[PDB]
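Shown next as structure tokens: one chain only, the form deposited without the named molecule.
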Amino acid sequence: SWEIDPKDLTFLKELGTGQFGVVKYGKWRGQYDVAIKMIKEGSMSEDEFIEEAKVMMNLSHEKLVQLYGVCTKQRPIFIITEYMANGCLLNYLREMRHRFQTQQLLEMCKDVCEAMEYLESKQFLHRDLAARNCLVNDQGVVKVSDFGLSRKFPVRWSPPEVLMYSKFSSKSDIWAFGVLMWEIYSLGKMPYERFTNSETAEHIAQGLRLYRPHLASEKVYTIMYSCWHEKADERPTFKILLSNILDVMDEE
């Protein structure tokens, strides 16, 4: 069901990801590659954890990193997720010592927009969409992770209404997606690299945004820029963005 027997875990490994990162790898039920993550003790009630795990497991999309189950009969609780061989998107973008053509960067954006259009259609809020929270598999497909119970503050990824009023909505995920497009097109730079949090917020308050990365065409920048409207209701939906992204794919 939602509950998993740790005895169904075989080939337990400690694997590197990026230069200093580490992942606990296993195989689940003889054929599923999984990452094993622990849940902070006492931060949640057991019943509260199970319901949230149930919601997350019913979130099925090829571009969302899947949750396969949880172990609760043990201390600490752990979760098993879809293993992603190429690791964090941020590190993967900076590891571009080789590859990225602009078509590949736009495809990354499309992968994420699909996952997010799915989440939006289920009225589920990510709340921390960022390149650090996307994972890349062995085929180079980008999937969104760290939504749900896979959770100082992501100020550089947050719209003004989150910073001031804590008003989370799909439209705040929209803003963060624009920042994520920026991280992709700049190949993994830090948004607003040399800014205090008040400087970033004063910069936004002045109607100023993240510069056009030079790998981004005018069209691509229009799409990411559209995500950062001051008014939440003036920012697009993930369905509209997808259609914009699919339009720009046809035009190249």
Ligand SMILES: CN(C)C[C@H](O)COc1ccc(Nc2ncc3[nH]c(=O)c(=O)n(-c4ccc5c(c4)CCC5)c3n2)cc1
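One rule holds for the numbers: they count along the sequence shown, beginning at 1. Each form is matched to the other, and the largest set of C-alpha atoms that superpose within 1.5 Å is called the rigid core.
Another form exists, deposited with the named molecule bound; not displayed. Remarks below refer to it.
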Given the pose of the named molecule in the bound PDB entry, superimposed here by the C-alphas around the site, does the shown chain leave the site open or is it blocked by 3 or more ligand atoms within 2.4 Å of backbone or C-beta atoms?
-> blocked
Scan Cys71, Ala176, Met84, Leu106 and let me know which has any heavy atom within 4.5 Å of the named molecule in the bound PDB entry.
-> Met84
Per-stretch contact check against the named molecule in the bound PDB entry, the hit in 33-41, 205-213, 192-200, 218-226 (non-hydrogen atom, 4.5 angstroms) = 33-41
Report yes if any heavy atom of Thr17 sits within 4.5 Å of a heavy atom of the named molecule in the bound PDB entry; otherwise report no.
-> yes
Is the gap between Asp111 and the named molecule in the bound PDB entry 4.5 Å or less for some heavy atom pair?
-> no
Looking at the partner-bound form in the bound PDB entry, is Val23 within 4.5 Å of the named molecule by any heavy atom?
-> yes
Taking heavy atoms only, is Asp146 within 4.5 angstroms of the named molecule in the bound PDB entry?
-> yes
Which listed residue, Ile50, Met57, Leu215, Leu187, is the one whose CA shifts 2 angstroms or more between this form and the one not shown with the rigid core aligned?
-> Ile50
After fitting the core, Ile39 CA displacement of 2 Å or more between this form and the one not shown | yes
Has the Cα of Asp233 moved 2 Å or more between this form and the one not shown, judged after a core fit?
-> no
Align both forms on the core first, then report whether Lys27 has a C-alpha shift of 2 Å or more between this form and the one not shown.
-> no
Cα separation of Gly18 and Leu59 in the bound PDB entry versus here, shift of 3 Å or more | closer
Comparison of CA distance in the bound PDB entry with shown form for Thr17, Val142, at least 3 Å | farther
